[PDB]
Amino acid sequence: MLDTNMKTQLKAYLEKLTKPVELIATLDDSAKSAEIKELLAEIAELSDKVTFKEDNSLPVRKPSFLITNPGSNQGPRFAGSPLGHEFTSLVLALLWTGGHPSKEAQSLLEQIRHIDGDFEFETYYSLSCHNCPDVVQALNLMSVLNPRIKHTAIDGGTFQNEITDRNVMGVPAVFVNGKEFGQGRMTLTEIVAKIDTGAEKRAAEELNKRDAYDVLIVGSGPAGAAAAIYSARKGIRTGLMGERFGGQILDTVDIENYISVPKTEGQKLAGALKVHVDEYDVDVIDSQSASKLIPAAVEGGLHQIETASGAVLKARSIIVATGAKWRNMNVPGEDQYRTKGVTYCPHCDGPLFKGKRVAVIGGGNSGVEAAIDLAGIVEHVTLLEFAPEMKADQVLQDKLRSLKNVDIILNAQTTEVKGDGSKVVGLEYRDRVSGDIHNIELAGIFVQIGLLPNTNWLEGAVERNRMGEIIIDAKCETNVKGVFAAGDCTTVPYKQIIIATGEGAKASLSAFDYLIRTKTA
C-alpha cells in the first residue's frame, strides 16, 4: 500500500524509535480489512521495534487498529484506511508512541499530560482531505500523552454509515463523549483550551509561574507605590504585591497635608497613585497577603515571599511596606461615624476642630501629647484613660494637667459613640470602678490607643522593635541584606502619607544600590 518512496521514508523515521511499538488490529472480511492488514504487516517488516498483532474479538470498529506499546492499551486508534493525507499522521503516531519527541512546547504537553478528566474523542476524516491531518495529529498526540484522553480517527470513506447517521457534512469533524465538539482546522492549543479551561483556577498557581523579580515590594499603600515608581523608573523588574492597592488612604475622605495638594480625597489620591505606578508597567498584584519571608541563603541569592494563598515569589531584593493597623475602640457608633468625627490622627484632622469640643481616647504618650496639641486650637479636650493612671511620661502628664481647657478622666471606658445620623455629637462612657455611666457632648473623638504594624508575619526573620516596627536605618536597611522597609510598618517616627511616600523612594534607591553592588559577577 506504501509505494517505494513512502517505504524509504518510513524505514528512516523508524530508526528514530527508542521504544517498541505494537499495532493491534481488529478486522473483518472486507477488502478494506485486507488492505489494513497488508499495510500493518508491511510496516512491521521495516523495523524490529514494530510488531503487528491481530485480535478480532475486541469490541471496536472493524477494521481498526490501535497504536501502543507492549503491555499497554494506551494510544490512538485508526478506524479504516490511514493513508492518503493521514499517512503523515500515522507516521507521527508511530514516532510518538516509540519515544520520538513532539515539536510542541513542553509546557503545553505537560498540561495535556496532567489533564484531569475522561475524554473519548472521535474524528471523522476522508483520505483526500488536505486539512484533516493536523486535527487527527493533535488528538493522537493527546492520547499518547494522557491515558484518560482517547482518540479514534475514523475514515469516513470506510464508515459511511456513521457519516450519514451522525450527519457529518464536512471534515475534519470531531466528537467528544458522544457530543459534537468542533469542525475544521483547530489547533492543539484551541482543543486543550476547550477541555481544560482554567476556569476557577487560583491566582496562586499563576503567581508560582512568575520569574524572579529584581525588587518585590510587599504592601501597596503610598510607601509601596512610591517604591514601585522609583524602582520601575530604573528599568528593573519590579513587582508590587499587596492586600489592597491604596492602603489606609482608600478609607479616608479629606486629606489636607499631602504636600502641594491643598485638599484631596483618599480614593482620588489612591487612584492617582495607581495611574503613576501603571505608567511604568510595574507587575501589580492585588488581594494577596505575604505570610512568610524566607531570607536568601547567600548574598546575591534570592529572597522568597510565601503568600497566604500558597504561592511563593522570589526576588533579589525585597521592600517591606505593609503599614499598620490603627487600633479601634470597638464600640457601637465607632464605625458609623468614621470620617464624620471619629478620627485616629491628630496631625491629619486637628485643624477641622477649631473652636469645637473633642475627646482623646488613650493616656499613653500619643494620647497625652495629642491632647496637649489639640488643646492649643480647640475649645475643649477631654482625655479618657481606661486604666487607673495615665501611662504617658510624667512631663507630658504634668503639662496636660496644667491646661485650663482640658479634663482628664481615669478608669474610663467608652461604651458608645453618639451622633445625629451624620456626625458625632457626643460619647458615652462607663467608670470601670463604680460602673456609673456618663456622657460628654463633643464634635470629635481622636482615638489614640495604639498602632499595630503589619509585621507579625516577619517574626524571626526581620528585627523588630518593642512595638513591632521594623528597625531601619536612614537608608531603610533592615538586619537582612537585600531586605529594606518603608512607611508606617517601620521605626519611622511619624505615620503620615507624605512621610511614607518619601520613605518608599528612599527604600527603592537603596535596593537599587544593593543590586548594583551584589552583581559581583
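The numbering used is simple: start at 1 and walk along the sequence shown.
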Problem set entry | Greater mean Cα temperature factor according to the PDB record, 138 to 146 or 361 to 369 | 138 to 146
Exercise. Comparing 169 to 177 with 323 to 331, where is the mean C-alpha B-factor higher?
Worked result: 169 to 177
Exercise. Per the PDB entry, which option out of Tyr337, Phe119, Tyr429, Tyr230 has the greatest Cα B factor?
Worked result: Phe119
Exercise. When you compare the CA B-factors of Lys268, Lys356, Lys194, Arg237 as listed in the entry, which one comes out on top?
Worked result: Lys194
Problem set entry | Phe159 - Cα temperature factor, lowest/middle/highest third of chain | highest
Exercise. For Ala505, does the deposited CA B-factor place it in the lowest, middle or highest third of the chain?
Worked result: lowest
For this session: Using the B-factors in the PDB entry, rank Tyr125's C-alpha atom against the chain and give the third, lowest, middle or highest.
Result: middle
For this session: Rank-wise, by C-alpha B-factor, drop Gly182 into the lowest, middle or highest third of its chain.
Result: highest
Exercise. By its CA B factor, does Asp48 count among the lowest, middle or highest third of the modelled residues in the chain?
Worked result: highest
